[PDB]
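See structure below.
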Amino acid sequence: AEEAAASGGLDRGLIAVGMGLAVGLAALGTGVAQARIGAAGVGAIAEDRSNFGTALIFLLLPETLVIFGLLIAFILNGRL
Amino acid sequence: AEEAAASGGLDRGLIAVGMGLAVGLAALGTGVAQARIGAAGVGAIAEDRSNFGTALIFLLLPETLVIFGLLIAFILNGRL
Amino acid sequence: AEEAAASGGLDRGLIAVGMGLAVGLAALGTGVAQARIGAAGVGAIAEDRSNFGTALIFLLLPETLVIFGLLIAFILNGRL
Amino acid sequence: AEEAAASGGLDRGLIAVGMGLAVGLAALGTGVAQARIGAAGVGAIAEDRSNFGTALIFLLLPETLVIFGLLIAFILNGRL
Amino acid sequence: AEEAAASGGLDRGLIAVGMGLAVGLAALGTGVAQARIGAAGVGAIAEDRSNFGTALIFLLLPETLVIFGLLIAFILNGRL
Amino acid sequence: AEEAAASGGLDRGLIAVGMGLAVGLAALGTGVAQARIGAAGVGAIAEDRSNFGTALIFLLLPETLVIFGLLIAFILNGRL
Amino acid sequence: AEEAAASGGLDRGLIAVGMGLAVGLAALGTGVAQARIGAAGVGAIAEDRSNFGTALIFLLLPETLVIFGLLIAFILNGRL
Amino acid sequence: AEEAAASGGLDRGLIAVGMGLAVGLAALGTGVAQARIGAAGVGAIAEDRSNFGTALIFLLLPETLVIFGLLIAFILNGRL
Amino acid sequence: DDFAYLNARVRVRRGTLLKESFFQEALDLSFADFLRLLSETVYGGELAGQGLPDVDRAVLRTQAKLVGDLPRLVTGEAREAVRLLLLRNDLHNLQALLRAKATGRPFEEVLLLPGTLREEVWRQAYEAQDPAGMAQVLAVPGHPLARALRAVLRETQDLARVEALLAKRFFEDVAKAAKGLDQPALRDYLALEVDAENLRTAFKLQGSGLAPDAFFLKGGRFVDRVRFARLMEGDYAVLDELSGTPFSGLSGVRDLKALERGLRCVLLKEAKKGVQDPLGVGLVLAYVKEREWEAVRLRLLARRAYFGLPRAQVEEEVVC
Amino acid sequence: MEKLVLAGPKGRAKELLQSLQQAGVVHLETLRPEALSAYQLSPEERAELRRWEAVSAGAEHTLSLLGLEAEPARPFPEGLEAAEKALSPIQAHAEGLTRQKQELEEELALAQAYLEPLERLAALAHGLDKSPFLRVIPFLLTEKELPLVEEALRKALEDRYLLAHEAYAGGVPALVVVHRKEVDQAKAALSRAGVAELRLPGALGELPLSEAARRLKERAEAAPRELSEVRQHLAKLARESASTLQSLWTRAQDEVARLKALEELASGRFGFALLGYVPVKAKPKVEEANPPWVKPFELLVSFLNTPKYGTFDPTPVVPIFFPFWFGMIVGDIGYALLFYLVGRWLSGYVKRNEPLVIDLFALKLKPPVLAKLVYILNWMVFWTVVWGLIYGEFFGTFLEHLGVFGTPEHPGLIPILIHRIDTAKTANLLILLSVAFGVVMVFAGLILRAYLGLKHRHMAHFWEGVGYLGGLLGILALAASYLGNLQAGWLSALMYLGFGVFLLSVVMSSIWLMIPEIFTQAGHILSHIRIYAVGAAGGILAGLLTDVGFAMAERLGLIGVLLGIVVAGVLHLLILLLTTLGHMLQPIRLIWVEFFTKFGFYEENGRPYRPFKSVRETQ
């Protein structure tokens with residue numbers, strides 16, 4: 001919903017319970033992923049400075065999942 | 001739900017109950033994601049003082065995961 | 001909730017469930033971040049007494065998360 | 001006052017679940033966070049008795065999360 | 001609720017469900033900390049009796065966490 | 001209900017169901033913690049054949065929690 | 001335990017659920033507690049044929065949680 | 001008693017729900033336990049290629065806990 | 001399983017490790033004063049005679065009870081992780097044992113300490129009279145170093161070859177298992193051990209006319225086939241392009257002794273900063289390199305003192 | 001006059017000098033390290049030191065062998081010559097006795113193992129083990145191995161071999177007897193099965209079986225009698241002369257320390273150094289110069305006199321501990337009542353333990369010297385149990401009453417039925433009464449913390465320490481708005497806004513580069529509140545376990561319940577102890593929030609000087 005008054009929906013409340021799951025689990029997961037690449041990145045600098053770039057390209061990838069999740073939650077709930 | 005003031009309808013309650021799942025699960029994810037890089041991160045300094053900066057900038061990224069989960073929650077809660 | 005001390009509505013009880021999660025879970029995440037980084041800090045002091053501080057600055061960063069949970073609970077139960 | 005009953009109520013029971021999350025989750029994170037610090041603490045006293053002070057300060061440190069969680073639960077449940 | 005000599009009531013019963021989560025979780029965290037440290041304490045005394053006292057002090061510390069979870073729980077249910 | 005209660009029915013039964021969660025979780029934390037150490041502990045007994053006992057006593061310490069939590073549920077579920 | 005009419009009844013069910021929990025939960029904690037210590041301990045006898053007696057006394061200490069839960073469960077939900 | 005909610009109503013309903021938890025948890029704690037002993041057991045057959053009999057029996061010991069929980073529940077709801 | 005008790009047992013032990021300031025004192029001492037000093041330490045606690053055979057023995061026996069007793073004290077997933085570390089000290093025993101059976105020489109004048117294969121496994125193996133039977137007796141503790149041995153023994157019965165293909169196949173075996181047991185601390189180290197091995201295989205076999213690709217096995221960080229080929233021609237300009245690795249210090253160095261010194265000091269360093277990761281195998285990792293390196297300096301300081309060698313000949317090799 | 005040499009630290013130059021000046025030593029002049037150089041020990045001096053170490057070590061060696069080691073504080077002045085002549089006969093005698101003893105013990109251990117097999121084996125081929133015509137080979141087989149071995153030998157050796165066995169209770173020692181020159185073949189057959197030849201250590205192994213078997217039977221009978229004697233002679237020697245060694249040990253050790261002192265001072269390893277002169281008379285004189293409260297205070301005076309920083313006395317610690325510490329004991333039915341008894345066993349004596357002998361002569365599990373030190377501690381425990389018995393009637397104010405609550409002083413069925421500390425109003429005030437002391441301690445630590453930076457003259461500590469104390473006021477302010485709501489705490493709802501300005505406004509004057517970290521300063525405030533609350537409430541919980549341990553938890557309560565509940569009560573005792581000892585660690589856990597964070601206290605993250613836990617161990 002809106003913070004302003006311009007929404008109402010008996011259906012929507014149920015949609016909020018179900019959608020809270022998807023964002024929350026995607027952020028959990030994306031984070032756990034992120035950490036492995038970040039620890040790996042510590043190693044990457046250690047091995048060779050020049051290919052800090054390699055850590056960067058892999059590291060972008062789990063971000064896509066939360067971001068995708070945020071858009072799904074808005075469409076299903078909060079679009080109006 | 002409501003932003004200002006406590007919920008006064010059963011429907012407002014039920015939405016609040018769902019929305020909590022997203023900020024909780026995220027909140028946990030920021031936590032786990034910080035630890036693997038964070039523990040290593042001390043090691044970054046240790047090995048190479050100059051590239052202490054490299055460890056921090058990775059750690060910062062999981063903070064993003066909570067703020068994205070909050071924004072969905074902040075908007076969605078106000079009305080049904 | 002914002003109104004709860006010895007009685008309250010059924011509705012109010014429901015906002016208290018959902019918002020309760022957000023803070024509790026931050027504390028949870030803080031503790032996991034702390035476990036790994038704290039444990040690493042015990043290595044650092046052991047080796048050299050003087051760089052207790054580096055461990056402390058890295059550690060100071062997951063505290064921010066516990067404070068973030070508080071604010072979500074605070075706003076959503078009822079705006080200051 | 002803050003958090004009390006004498007008669008209970010239907011409203012109270014839902015209030016009781018909500019306040020229960022905060023203490024329970026915080027203590028779980030305190031327990032693990034301590035546990036790791038506690039393992040590493042064997043090592044601090046062992047190398048030198050000149051870092052033995054440092055080990056005591058580390059051990060006290062994960063308590064703050066649980067204390068903080070007691071407080072959020074009392075406040076929410078005793079503010080009008 | 002009450003805990004004078006009985007706690008019977010459908011309403012109170014709701015409070016009983018709510019609190020037991022908090023005890024549960026707090027007790028769970030205690031289990032991981034206390035045991036690991038206790039094993040660690042038996043190694044300390046076996047090599048060196050000059051650290052027999054540190055080993056004992058560490059054991060006690062996780063006991064506070066499980067009692068916290070009981071005390072909150074009693075409080076919501078009619079107090080002590 | 002119990003043989004030291006004389007209040008049964010639907011009312012005692014909700015409390016019994018609900019409070020039952022706490023002991024079960026106290027057993028879970030106790031469980032996982034006793035097992036890890038106990039396995040390492042076989043090597044302890046193996047080494048110390050005159051101080052074999054020490055190993056035995058450390059095992060007993062996590063159990064203290066489960067049993068303590070049962071006794072708390074006993075009070076709550078019957079005090080007559 | 002028993003099933004009858006004088007170890008049976010509707011009155012008996014309220015007792016049976018609570019007391020039944022006591023074996024279940026005690027059983028939960030016992031399975032995990034016993035497994036690692038028992039896994040390693042049977043192994044010792046395979047390696048070293050002088051640890052078999054030690055392994056058997058050692059094994060019963062985690063067995064104690066189910067035996068305890070069982071005594072509560074049996075007596076309270078016995079006859080009368 | 002039995003598991004019903006129309007052969008005793010609301011009073012009965014509580015027994016059925018609570019008893020399910022004892023079995024469900026008996027099954028979780030056993031299931032995980034079986035894995036640990038299995039994992040260690042492989043070593044024992046490789047090491048001693050005729051001490052096949054020792055590995056199978058050690059494994060049997062966690063099964064005991066599910067036969068314990070699952071029967072207790074069954075006898076009690078078998079009364080009616 | 002689990003390192004929870006075991007790490008804790010090692011943390012008490014890290015207390016009685018020999019700090020840098022002992023070796024500093026020891027150089028200033030004669031052999032008589034060295035002997036009084038040595039007896040304070042835990043290696044000193046196994047001492048049985050003033051002379052050289054006895055110093056070598058007190059050192060070894062200290063390593064046998066405080067370090068070689070670690071794999072027994074754990075089982076399973078813990079045990080495989082700890083085991084890989086222990087395995088290098090077991091390979092040293094194995095290569096010598098395999099050589100006593102084959103060339104018919106006595107059981108004696110070999111390295112024996114417990115690790116993963118016990119003393120009795122080495123005696124039963126010795127007394128075995130078929131190489132295949134010798135191999136099943138070794139396969140009893142369970143480890144990747146059996147599986148490595150077993151394949152090489154199928155191709156050949158020639159001593160020099162079994163030694164080389166076993167070592168090559170063994171580090172390859174180690175690497176795959178280790179990658180699958182995770183942790184950043186172990187991974188960084190593993191990479192260095194393989195990189196160091198690669199350099200070192202190239203040095204030992206230098207100028208034998210052989211293939212340079214045979215000295216490179218996966219696990220690397222910055223080294224490759226071409227550096228090996230140039231190195232094999234005798235060119236050390238390859239080490240002068242090697243930076244971004246902690247072998248930055250090998251640049252402008254061309255003596256085999258300085259080069260190899262360098263690799264052992266680098267490996268020491270990685271492990272010493274693994275105590276910012278003490279969880280799991282990290283701490284044990286640091287503990288084994290330090291007990292090994294310590295033991296080595298007391299043996300060099302004892303030799304240096306007894307025979308009155310020049311101070312600078314050993315002062316440099318007793319510090320990194 | 002006698003020349004005397006003095007050292008101290010640079011920081012206490014004036015305080016050390018004033019004290020020495022008073023003490024006896026006169027003519028105190030300062031000496032810098034360059035002056036101390038060139039006064040390193042001459043080679044002769046080093047030889048005395050080497051020799052003093054040998055005597056020290058040499059005693060430790062003799063005295064350990066003889067029995068137990070004990071280090072007294074009583075030396076006996078003697079020469080180099082006198083001490084070495086003392087030491088040489090006893091070390092020699094004892095070395096000799098222990099060697100016999102080891103040989104006697106190893107012989108027994110082998111003979112106990114291998115007499116029965118060698119007897120069996122010898123018997124089987126009696127008088128045919130010393131013949132050249134026949135060859136015998138002994139070896140052990142288990143029931144399992146016996147068939148394989150027989151097959152292997154039979155195929156290898158045809159039917160002109162003799163395999164005989166005779167039992168012994170378990171496996172069989174077997175003997176194969178074969179012709180001379182058929183030895184290699186015979187051996188080869190055992191080796192293929194994996195069985196090998198049994199040979200014993202030393203001459204016995206090499207002797208014919210019949211000789212070896214007769215002699216082993218003889219050694220097992222003789223050894224235990226001779227072992228007894230050697231152990232006896234050794235015991236007497238300890239008994240008579242354990243003291244001689246101990247007194248040499250102490251004296252030798254004092255001389256080693258003196259000569260080490262001069263080598264350190266000589267390399268200019270003490271920063272403040274003095275020279276001065278004492279007459280022979282003055283030489284002793286220099287070295288020479290309500291119990292709960294007074295008693296620990298008189299020992300603490302030794303730490304009053306040595307300061308180390310801007311710190312104040314470590315003595316505020318002890319009266320903060322005592323109220324809070326006594327109030328962890330609050331039972332009156334089988335908690336504080338049982339615990340009364342415990343006090344007497346540590347402040348008297350028991351023999352109901354084994355490692356503990358009689359306490360009255362200073363003999364415990366703890367070392368005999370440590371046990372004499374912890375007399376004071378044991379008293380301080382005795383004072384805690386006593387006062388806890390009084391605070392057990394304080395608790396019984398909230399229980400017992402004949403009208404206010406529904407439980408008499410002693411019901412006539414069983415003492416105590418149901419606790420009546422389950423009143424909601426009653427639990428809250430005892431928690432809030434307890435909280436008030438925790439607050440008093442927050443002010444006392446941060447007020448000293450500021451005074452610390454004023455008199456240690458580092459403004460950065462002064463400024464930070466003042467500011468953090470503003471936050472306490474905000475913390476309490478905010479609470480009142482929730483404990484009294486708007487009925488009370490509407491007298492601090494507007495001061496709170498400004499209390500928040502004070503937290504930050506003084507801290508920023510030092511700047512500081514981690515402003516967030518101030519959160520953790522607010523964490524320390526919060527703990528004093530929660531710990532005192534835990535100290536009351538968790539204390540009260542201790543009592544409420546005693547419900548089901550020495551209070552009605554059988555039938556409806558009746559006469560029989562009194563002596564029936566004790567089944568669960570004893571089991572409950574060890575459980576109860578473990579959790580309540582956990583509370584008694586709260587006083588020190590509280591103290592350390594402030595003590596190691598330099599709140600008018602010496603410590604601050606490391607640094608020499610003990611945690612108060614260890615100080616109070618002996619006091």
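By convention in this document, the chains of the structure tokens carry letters A, B, ... by their order, each chain's residues are numbered from 1, and ligands are numbered from 1 in the order they are shown.
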Report as a PyMOL selection string all protein, DNA and RNA residues lying within 10 Å of residue 42 (chain A), evaluated on only C-alpha atoms, omitting residues in the same chain fewer than 4 positions from it. (chain A and resi 37-38+46-47+52+55) or (chain B and resi 37+40-41+43-44+47+51+54-55+58) or (chain I and resi 184+188)
Identify every residue of chain E that has at least one atom within 6 Å of any atom of chain F, counting only C-alpha atoms, and report the result as a CSV table (one decimal) with C-alpha atoms, in the first residue's frame.
chain,number,residue,atom,x,y,z
E,5,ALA,CA,-0.7,-21.8,42.7
E,8,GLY,CA,-5.9,-21.9,34.5
E,9,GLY,CA,-7.7,-19.8,31.8
E,10,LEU,CA,-8.1,-19.9,28.1
E,13,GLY,CA,-3.2,-20.0,28.1
E,16,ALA,CA,1.8,-19.2,28.2
E,17,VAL,CA,2.3,-20.1,24.4
E,20,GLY,CA,7.7,-20.4,26.1
E,23,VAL,CA,12.5,-19.4,27.1
E,24,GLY,CA,13.1,-21.9,24.3
E,27,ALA,CA,18.0,-21.9,26.6
E,28,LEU,CA,19.1,-23.0,23.0
E,31,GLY,CA,23.5,-24.9,25.4
E,32,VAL,CA,26.1,-24.1,22.6
E,35,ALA,CA,29.3,-27.0,26.8
E,38,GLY,CA,33.4,-26.6,29.7
Report task. Assign secondary structure with DSSP using the backbone only, and return the residues of chain F in alpha helix (DSSP H) as a PyMOL selection string. Result -> chain F and resi 9-47+53-60+63-77
task = Within 9 Å of residue 301 (chain I), counting only C-alpha atoms, which residues show up once you throw out same-chain ones fewer than 5 positions away? Write them as a list in words, please.
result =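 Those residues are residues 23, 26, 27, 31, 34, 296, 306, 314, 315 and 318 of chain I.
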inquiry  = For a test of reading the model, state the distance in Å between CA of residue 287 (chain I) and CA of residue 39 (chain C), rounded to one decimal.
reply    =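 Those two atoms sit 17.1 Å apart.
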Original post:
Mind listing as an MDAnalysis selection string which residues of chain J are within 12 Å of chain G, counting only C-alpha atoms?
Top reply: chainID J and resid 553:555 568 571
Export N, CA, C and O atoms of the chosen residues as a PDB file, in the first residue's frame?
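Done, and the output landed in selection.pdb:
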ATOM      1  N   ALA J 553       4.729 -31.001  46.606  1.00  0.00           N
ATOM      2  CA  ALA J 553       4.844 -31.300  45.215  1.00  0.00           C
ATOM      3  C   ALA J 553       4.437 -32.771  45.237  1.00  0.00           C
ATOM      4  O   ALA J 553       4.693 -33.475  44.281  1.00  0.00           O
ATOM      5  N   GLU J 554       3.698 -33.186  46.288  1.00  0.00           N
ATOM      6  CA  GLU J 554       3.107 -34.530  46.281  1.00  0.00           C
ATOM      7  C   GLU J 554       1.793 -34.361  46.947  1.00  0.00           C
ATOM      8  O   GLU J 554       1.626 -33.541  47.785  1.00  0.00           O
ATOM      9  N   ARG J 555       0.819 -35.151  46.529  1.00  0.00           N
ATOM     10  CA  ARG J 555      -0.597 -35.231  46.921  1.00  0.00           C
ATOM     11  C   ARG J 555      -1.253 -33.843  46.953  1.00  0.00           C
ATOM     12  O   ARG J 555      -1.108 -33.070  45.995  1.00  0.00           O
ATOM     13  N   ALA J 568      13.344 -35.926  45.825  1.00  0.00           N
ATOM     14  CA  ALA J 568      13.621 -35.047  44.721  1.00  0.00           C
ATOM     15  C   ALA J 568      14.552 -33.944  45.221  1.00  0.00           C
ATOM     16  O   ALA J 568      15.434 -33.582  44.427  1.00  0.00           O
ATOM     17  N   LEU J 571      18.354 -34.634  44.791  1.00  0.00           N
ATOM     18  CA  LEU J 571      18.716 -34.647  43.421  1.00  0.00           C
ATOM     19  C   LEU J 571      18.790 -33.223  42.956  1.00  0.00           C
ATOM     20  O   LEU J 571      19.708 -32.752  42.314  1.00  0.00           O
TER      21      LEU J 571
END
Kindly determine which residues of chain I lie within 10 Å of chain A, considering only C-alpha atoms, and give the answer as a ChimeraX atom specification. /I:183-185,187-188,191-192,220-222,243-246
Dump as a tab-separated table (two decimals), in the first residue's frame, selection limited to N, CA, C and O atoms:
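Result file follows (selection39.tsv):
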chain	number	residue	atom	x	y	z
I	183	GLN	N	36.95	-23.10	3.76
I	183	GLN	CA	37.52	-22.09	4.64
I	183	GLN	C	38.50	-21.26	3.85
I	183	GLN	O	39.38	-21.87	3.27
I	184	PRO	N	38.44	-19.94	3.82
I	184	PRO	CA	39.45	-19.08	3.16
I	184	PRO	C	40.87	-19.22	3.60
I	184	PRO	O	41.77	-19.06	2.73
I	185	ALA	N	41.10	-19.47	4.95
I	185	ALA	CA	42.41	-19.61	5.51
I	185	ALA	C	43.21	-20.78	4.95
I	185	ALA	O	44.37	-20.55	4.54
I	187	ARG	N	42.43	-22.44	2.04
I	187	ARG	CA	42.59	-22.20	0.62
I	187	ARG	C	43.75	-21.37	0.29
I	187	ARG	O	44.49	-21.63	-0.65
I	188	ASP	N	44.02	-20.22	1.02
I	188	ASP	CA	45.16	-19.33	0.70
I	188	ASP	C	46.47	-20.05	0.89
I	188	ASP	O	47.31	-20.00	-0.03
I	191	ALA	N	47.25	-22.97	-1.80
I	191	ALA	CA	47.74	-22.30	-2.96
I	191	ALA	C	49.24	-22.02	-2.90
I	191	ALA	O	49.98	-22.23	-3.87
I	192	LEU	N	49.69	-21.57	-1.71
I	192	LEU	CA	51.11	-21.30	-1.45
I	192	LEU	C	52.00	-22.54	-1.35
I	192	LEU	O	53.14	-22.60	-1.77
I	220	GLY	N	47.82	-23.27	-8.43
I	220	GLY	CA	48.65	-22.10	-8.55
I	220	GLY	C	48.00	-20.79	-8.21
I	220	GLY	O	46.81	-20.81	-7.92
I	221	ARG	N	48.81	-19.70	-8.32
I	221	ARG	CA	48.54	-18.30	-7.97
I	221	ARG	C	49.06	-17.38	-9.03
I	221	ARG	O	48.42	-16.36	-9.33
I	222	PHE	N	50.22	-17.68	-9.67
I	222	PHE	CA	50.72	-16.67	-10.64
I	222	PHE	C	51.76	-17.42	-11.49
I	222	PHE	O	52.39	-16.84	-12.41
I	243	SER	N	55.98	-11.06	-8.59
I	243	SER	CA	55.46	-10.14	-7.61
I	243	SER	C	53.97	-10.11	-7.73
I	243	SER	O	53.33	-10.75	-8.56
I	244	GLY	N	53.30	-9.55	-6.69
I	244	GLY	CA	51.91	-9.74	-6.51
I	244	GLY	C	51.71	-10.97	-5.64
I	244	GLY	O	50.56	-11.35	-5.34
I	245	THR	N	52.79	-11.71	-5.26
I	245	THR	CA	52.86	-12.93	-4.46
I	245	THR	C	53.86	-12.58	-3.47
I	245	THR	O	54.45	-11.53	-3.50
I	246	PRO	N	53.96	-13.38	-2.45
I	246	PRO	CA	54.74	-12.99	-1.35
I	246	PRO	C	56.13	-13.46	-1.62
I	246	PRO	O	57.03	-13.35	-0.75
